[PDB]
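Note: the block below is final_20.cif and it holds mmCIF, N, CA and C atoms.
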```cif
data_query
#
loop_
_atom_site.label_atom_id
_atom_site.label_comp_id
_atom_site.auth_asym_id
_atom_site.auth_seq_id
_atom_site.Cartn_x
_atom_site.Cartn_y
_atom_site.Cartn_z
N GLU K 1 39.88 278.45 112.20
CA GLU K 1 38.88 278.16 113.21
C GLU K 1 38.28 276.77 112.99
N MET K 2 37.54 276.31 113.98
CA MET K 2 36.91 275.00 113.90
C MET K 2 35.45 275.07 114.35
N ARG K 3 34.67 274.13 113.84
CA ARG K 3 33.25 274.07 114.17
C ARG K 3 32.73 272.64 113.99
N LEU K 4 32.88 272.14 112.78
CA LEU K 4 32.42 270.80 112.46
C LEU K 4 33.63 269.89 112.26
N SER K 5 33.79 268.95 113.18
CA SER K 5 34.90 268.01 113.12
C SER K 5 34.60 266.78 113.99
N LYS K 6 34.29 267.05 115.25
CA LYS K 6 33.98 265.99 116.19
C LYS K 6 32.65 265.34 115.80
N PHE K 7 31.68 266.19 115.49
CA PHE K 7 30.37 265.71 115.11
C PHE K 7 30.35 265.26 113.64
N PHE K 8 31.11 265.98 112.83
CA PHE K 8 31.20 265.67 111.41
C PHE K 8 31.73 264.25 111.20
N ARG K 9 32.83 263.96 111.88
CA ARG K 9 33.44 262.65 111.77
C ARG K 9 32.67 261.62 112.61
N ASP K 10 31.90 262.14 113.55
CA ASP K 10 31.11 261.29 114.43
C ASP K 10 30.04 260.58 113.60
N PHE K 11 29.82 261.09 112.40
CA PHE K 11 28.83 260.52 111.51
C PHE K 11 29.44 260.22 110.13
N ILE K 12 30.22 261.18 109.65
CA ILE K 12 30.86 261.03 108.35
C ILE K 12 31.55 259.67 108.28
N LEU K 13 32.16 259.29 109.40
CA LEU K 13 32.86 258.02 109.47
C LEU K 13 31.95 256.91 108.94
N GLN K 14 30.65 257.13 109.09
CA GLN K 14 29.67 256.17 108.63
C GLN K 14 29.34 256.40 107.15
N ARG K 15 29.62 255.39 106.35
CA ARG K 15 29.36 255.47 104.92
C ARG K 15 27.86 255.69 104.66
N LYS K 16 27.06 254.82 105.26
CA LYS K 16 25.62 254.91 105.11
C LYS K 16 25.19 256.38 105.16
N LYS K 17 24.10 256.67 104.47
CA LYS K 17 23.58 258.02 104.43
C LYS K 17 24.59 258.93 103.73
#
```
Using structure tokens, write down the structure that the file contains.
Amino acid sequence: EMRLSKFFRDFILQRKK
């Protein structure tokens, strides 16, 4: 199943934080 991916990478991609 999936849940966190679009949003996860939507931010994870950002090193900061």
- Message: Report, in Å with one decimal, the straight-line distance from atom C of residue 13 in chain K to atom N of residue 1 in chain K.
- Response: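 We find that atom C of residue 13 in chain K and atom N of residue 1 in chain K lie 23.2 Å from each other.
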- Task: Write out as a list in words all residues of chain K that backbone DSSP assigns to alpha helix (DSSP H).
- Result: residues 6, 7, 8, 9, 10, 11 and 12 of chain K
- Item | Point-to-point distance from atom C of residue 16 in chain K to atom C of residue 2 in chain K, Å rounded to tenths | 23.2 Å
